[PDB]
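Peer 1: everything below, folded, please.
(one chain, ligands or ions: 2)
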Amino acid sequence: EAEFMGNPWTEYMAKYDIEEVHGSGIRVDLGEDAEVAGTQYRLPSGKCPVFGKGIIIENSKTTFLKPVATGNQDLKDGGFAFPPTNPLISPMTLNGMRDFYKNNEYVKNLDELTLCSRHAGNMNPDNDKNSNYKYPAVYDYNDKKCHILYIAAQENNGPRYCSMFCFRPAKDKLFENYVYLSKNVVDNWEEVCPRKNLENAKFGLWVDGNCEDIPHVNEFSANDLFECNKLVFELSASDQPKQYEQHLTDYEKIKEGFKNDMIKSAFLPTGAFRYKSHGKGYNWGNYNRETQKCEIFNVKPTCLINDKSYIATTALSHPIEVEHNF
Ligand SMILES: [Cl-]
Ligand SMILES: [Cl-]
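Peer 2: Residues are numbered from 1 along each chain as shown. Ligands and ions are numbered 1, 2, ... in the order given. See the structure here:
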């Protein structure tokens, strides 16, 4: 009757219950609605940071943190970031943000990731004051910069079009120092969310005094940990609908959108949006470094198994960083 009692891993493993702690899509996060000028738009709402996530645009991995196009610029030239503002509030460094919120005792003492999320949640340049729409952000650890994203869309890569602006989310070496941040990133993510890969360990299920192996896994070959993390991210919880290209409007009207609402509704049509993951998906992977197998599964793990052949990763986890001790 009590097969699941007496688990020594309960508090340790709370951060790997991704459905509980994150609660939205990982690959594509569009878990909430928000009204802007009496019109619903989808936006990111996941509670954990996504380490290593960026958006590849038109086969380019150096583009999406560039500002969006405005007026005379072509749409394909720009990226997803906030355009220049007065005052210039994006990009902003960690020290810039600490100074900017220095009279808010809560916000000024936040960690870098939560501070970037809250900064992005405060700034609304279009000036819909009474509105719950809050932009997502990307923090760059290399130069300690918070970039607010004007475009909350994450995937537009279907077989019909892709004159159309095409893009997809991915883990990639050029995205290693990025962190994708929704408006809901919690201030205690260090305690309750995954970050580092667990060396000499694999995920299991606690059953009757024993940490048993995951009974059914989907085996994908992978040359290293990076490629295993990349595959887990591709299979992870996703809020993107099936048939979205039908509901996309004409691209001439979208281009006219980028002469300064039509930008924010460009690749997120109402007809497409049922499709919310709520964090459910193939979010975890046991990487055997000896057999070069990424063992991917969709049930929450409830313990770890010590094994020197393995590294335990999740779709939220950083693709490189490993926690050595165990
Ligand atoms: Cl610092
Ligand atoms: Cl500075």
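Peer 1: grab the nearest non-local neighbour of the residue most central in space within the chain.
Peer 2: In the chain, the residue lying closest to the centroid (CA atoms, centre = their mean) is residue 50, at 4.1 Å. Nearest residue to residue 50 in three dimensions, chain neighbours excluded: residue 180, at 4.2 Å (CB to CB, 6 or more residues apart in numbering). For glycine as for every other residue, the C-beta is placed from the backbone atoms N, C-alpha and C.
Peer 1: tally of neighbours for that neighbour?
Peer 2: Residues contacting residue 180 under the criterion other CB atoms under 10 Å number 25.
Peer 1: likewise for residue 207?
Peer 2: Counted with other CB under 10 Å, the neighbours of residue 207 add up to 14.
Peer 1: then residue 306?
Peer 2: 10.
Peer 1: where does it land in three-state SS?
Peer 2: strand (DSSP: H, G, I helix; E, B strand; the rest coil).
Peer 1: hang on, the earlier thing: hang on, the residue nearest to the centre of the chain packs against residue 26?
Peer 2: Yes - with contacts counted by CB atoms under 8 Å, residue 50 reaches residue 26, the gap being 6.1 Å.
Peer 1: list residues touching both of the two?
Peer 2: Common neighbours of residue 50 and residue 26 (criterion: CB atoms under 8 Å, 6 or more residues apart in numbering): 315-316.
Peer 1: distance check, the residue nearest to residue 160 when sequence neighbours are not counted against residue 49.
Peer 2: Distances taken as CB to CB, 6+ apart place residue 245 nearest to residue 160, at 4.8 Å, with adjacent residues excluded. According to CB to CB, to the nearest Å, residue 245 and residue 49 sit 30 Å apart.
Peer 1: of the two, who's got more company?
Peer 2: Each of residue 245 and residue 49 has its neighbours counted (other CB under 10 Å); residue 49 has more, 27 against 17.
Peer 1: surely the more buried one touches residue 316?
Peer 2: Yes - using CB under 8 Å, residue 49 is in contact with residue 316, at 7.4 Å.
Peer 1: give me the common contacts of those two.
Peer 2: By CB under 8 Å, 6+ apart, the residues touching both residue 49 and residue 316 are 193, 195.
Peer 1: now stretch 302-312: how far from the chain's centre is it?
Peer 2: The chain centroid and the centroid of stretch 302-312 are separated by 25 Å under CA atoms, centre = their mean, to the nearest Å.
Peer 1: could I get the buried residue list for it?
Peer 2: Neighbour-count burial for stretch 302-312, counted by 16 or more other CB atoms under 10 Å, picks out 302-305, 307, 310-312.
Peer 1: in the chain, which spans are helices?
Peer 2: Along the chain, counting by DSSP state H, helices occupy 18-21, 94-100, 105-108, 112-122, 189-192, 225-235, 251-257.
Peer 1: how about the second one against ligand 2, any contact?
Peer 2: Yes - part of helix 94-100 sits close enough to ligand 2 to count as contact by CB under 5 Å from the ion, namely residue 95.
Peer 1: buried ones in that helix?
Peer 2: For helix 94-100, burial by neighbour count (16+ other CB under 10 Å) applies to 94, 96-98, 100.
Peer 1: okay, now the domains of this protein?
Peer 2: Under automatic domain parsing, the residue ranges defining each domain of the chain are 1-21+194-249+279-321, 23-192.
Peer 1: could you dump these to TSV with distance to residue 271?
Peer 2: Below are these laid out as TSV (distance: least, CB to CB, whole Å):
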stretch	distance to residue 271
domain 1-21+194-249+279-321	3
domain 23-192	12
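Peer 1: which one of those lies closest to residue 255?
Peer 2: Among the domains of the chain, domain 23-192 comes nearest to residue 255, with 5.5 Å by CB to CB.
Peer 1: how distant is that closest one from the center of its chain?
Peer 2: Relative to its chain's centre, domain 23-192 lies at 10 Å (CA atoms, centre = their mean).
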